[PDB]
Student: 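Sharing a structure with you now.
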Amino acid sequence: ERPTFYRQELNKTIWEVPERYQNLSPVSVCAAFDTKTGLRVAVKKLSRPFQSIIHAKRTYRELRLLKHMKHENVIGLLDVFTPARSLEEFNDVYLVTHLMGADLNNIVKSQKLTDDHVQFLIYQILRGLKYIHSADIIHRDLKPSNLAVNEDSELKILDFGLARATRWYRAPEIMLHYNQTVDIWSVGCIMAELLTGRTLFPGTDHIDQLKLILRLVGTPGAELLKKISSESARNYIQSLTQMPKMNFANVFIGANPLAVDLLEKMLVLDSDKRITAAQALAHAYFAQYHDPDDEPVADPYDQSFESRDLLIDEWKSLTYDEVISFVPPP
Ligand SMILES: Cc1ccc(C(=O)Nc2ccon2)cc1-c1cnc2c(c1)[nH]c(=O)n2C(C)(C)C
């Protein structure tokens, strides 16, 4: 039924969680120990979940996403609770997931990694991306800071499908008509940073970002230019002077030739010609880890709520229904 909640203030806010979650420490997200399972968990308290319609919709969206995903390389909902015992008093939402311990930015420390650690880290990203994309969901903001990694170099993806600031890993079509391969471009930027130890495109603005991107992959041809309707976007690409496409063998010299070939297939300007997650998993670069019978897909995700403009109270009760109906995973 109902458990005992205790209150404790951290990060200048008051946390109220069941007694089964002990030793809360901030990392708004806290690290905590679940005395029921013996697991170290990550606890997230949603900030002002129903302050506005946008906040209420995003609160509902985040809860719907976590309840759907059941994948090894995708963060999932272990528990969700609220101290309120009625809908009217409902104004707090807590999310409990696995605690990996660090992000990809922390464990990398801006250092070069072996080709095999790169193989393993990138394989988990694509393996989880395939599951996410099979549910018809785009991450849109894949970056090292939302890739949770433990001391075993195991990886889970965070914050997928949440976003609708520096954008070093955003596909060049989001800045400046796009599909799921916008996440594949982010994987290429991440994989390039793991191999060489520097940010591939350290842009200072959206135009400086574009200049660094075009300098590597080259100025587009007519078959790509004819698919851009934005007269401003077509201007920036062409008004930026002619730039020959770099040799990826020279940009990533010393790296595994199979790694360079995969990067050329990921960092394609034309998103219509960009490799997908499933095709990337079948690339020869992942020969040591690829198994088609262990790269499962997801059930269909009901996304129709995204196209609805509802009041705050409606998004709140829908969120409330999802909290009461939650069943913990095995
Ligand atoms: C608690 C929580 C709740 C929801 C979401 C989430 O991803 N929300 C989504 C997903 C799709 O849409 N919205 C993420 C977390 C979470 C945050 N940080 C975590 C973590 C889990 N596990 C970790 O190890 N860490 C760090 C090491 C501290 C990085």
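The first residue in the sequence is number 1, and the count goes up from there. Only this structure's heavy atoms are used, side chains among them; waters, hydrogens and symmetry mates stay out. Order of appearance sets the numbers: ligands from 1, and atoms from 1 within every ligand.
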Student: Does the pair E295/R127 count as a salt bridge with the N-to-O cut at 4.0 Å?
Tutor: no

Student: Among all protein non-hydrogen atoms, which one is nearest to atom 27 (C) of ligand 1, and what is the separation to 0.1 Å?
Tutor: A102 N, 3.4 Å

Student: Between the side chains of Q119 and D115, does any donor sit under 3.5 Å from an acceptor?
Tutor: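 Checked: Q119/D115 side chains pair up, N/O donor to acceptor below 3.5 Å.
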
Student: Number the atoms of ligand 1 from 1 as they appear, then name those within less than 4.0 Å of a heavy atom of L65, with their elements.
Tutor: 12 (O)

Student: Is the closest protein non-hydrogen atom to atom 10 (C) of ligand 1 under 4.0 Å?
Tutor: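 It does; a protein heavy atom is within 4.0 Å.
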
Student: For atom 2 (C) of ligand 1, which protein heavy atom lies nearest, and how many Å away is it?
Tutor: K44 CB, 3.7 Å

Student: Thinking salt bridges, do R170 and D141 make one under a 4.0 Å N-O criterion?
Tutor: yes

Student: Can you tell me if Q8 has over 12 outside heavy atoms packed within less than 6.0 Å of its CD?
Tutor: yes

Student: Would you give the length of the straight line joining atom CZ of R215 to atom CE of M243, rounded to the nearest 0.5 angstrom?
Tutor: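 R215 atom CZ to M243 atom CE measures 8.0 Å (nearest 0.5 Å).
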
Student: Quick one: which ligand 1 atoms are inside 4.0 Å of a heavy atom on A42?
Tutor: 1 (C), 20 (C), 21 (C), 22 (N)

Student: Could an N or O of ligand 1 be found under 3.5 Å from any N or O of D159, whether backbone or side chain?
Tutor: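 Yes; at least one N/O pair falls below 3.5 Å.
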
Student: More than 12 foreign heavy atoms under 6.0 Å from NZ of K227: is that the case here?
Tutor: yes

Student: Any idea which protein heavy atom is nearest atom 21 (C) of ligand 1, and the distance to it?
Tutor: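 Here the nearest protein heavy atom works out to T97 OG1, 3.2 Å.
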
Student: For atom 5 (C) of ligand 1, what is the closest protein heavy atom, and at what distance to 0.1 Å?
Tutor: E62 OE2, 4.0 Å

Student: Answer yes or no: does an N/O atom from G101 fall short of 3.5 Å to an N/O atom of ligand 1?
Tutor: yes

Student: With only distance considered, is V29 within less than 3.5 Å of ligand 1 through an N or O on each side?
Tutor: no

Student: Which residue owns the protein heavy atom closest to atom 28 (C) of ligand 1, what's the atom, and how far is it?
Tutor: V27 CG2, 3.4 Å

Student: Considering only protein heavy atoms, which is closest to atom 29 (C) of ligand 1, and at what distance to one decimal place?
Tutor: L158 CD1, 4.0 Å

Student: Show the atoms of ligand 1 that are less than 4.0 angstrom away from any heavy atom in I75.
Tutor: 7 (O)

Student: Counting only heavy atoms not in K226 (residues, nucleotides, ligands), do more than 12 fall under 6.0 Å from its NZ?
Tutor: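 Not more than 12 within 6.0 Å, no.
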
Student: So do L162 and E62 actually touch side chain to side chain, heavy atoms under 4.5 Å?
Tutor: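 Yes; the side chains approach each other to less than 4.5 Å.
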
Student: For ligand 1, which is the ligand I care about here, please tell me if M100 has any N or O atom under 3.5 Å from one of the ligand's N or O atoms.
Tutor: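 So ligand 1 has an N or O lying under 3.5 Å from an N or O of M100.
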
Student: Between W315 and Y60, what is the ring plane arrangement, given parallel below 30°, perpendicular above 60°, and tilted in between?
Tutor: tilted

Student: Looking only at protein heavy atoms, which one is nearest to atom 12 (O) of ligand 1, and how far off is it?
Tutor: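 I find the closest protein heavy atom is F160 O, 3.3 Å.
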
Student: Purely on distance, is any nitrogen or oxygen of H98 under 3.5 Å from one on ligand 1?
Tutor: yes

Student: How far is atom 25 (N) of ligand 1 from its nearest protein heavy atom, and which residue and atom name does that atom have?
Tutor: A148 CB, 4.3 Å

Student: Atom CD1 of residue position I54 - does it have more than 12 heavy atoms of other residues, nucleotides or ligands inside 6.0 Å?
Tutor: no

Student: With a cut-off of 4.0 Å, which atoms of ligand 1 are near a heavy atom of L162?
Tutor: 12 (O), 13 (N)

Student: For ligand 1, indicate whether the residue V96 contacts it via side chain, backbone, both or neither (heavy-atom separation under 4.0 Å).
Tutor: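 The answer is neither.
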
Student: Can you say whether the rings of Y123 and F286 are parallel (under 30°), tilted (30 to 60°) or perpendicular (over 60°)?
Tutor: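 Taking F286 first and then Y123, their aromatic rings sit tilted (interplane angle of 30° to 60°).
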
Student: Do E72 and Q124 come close enough that some side-chain heavy atom pair is under 4.5 Å?
Tutor: no

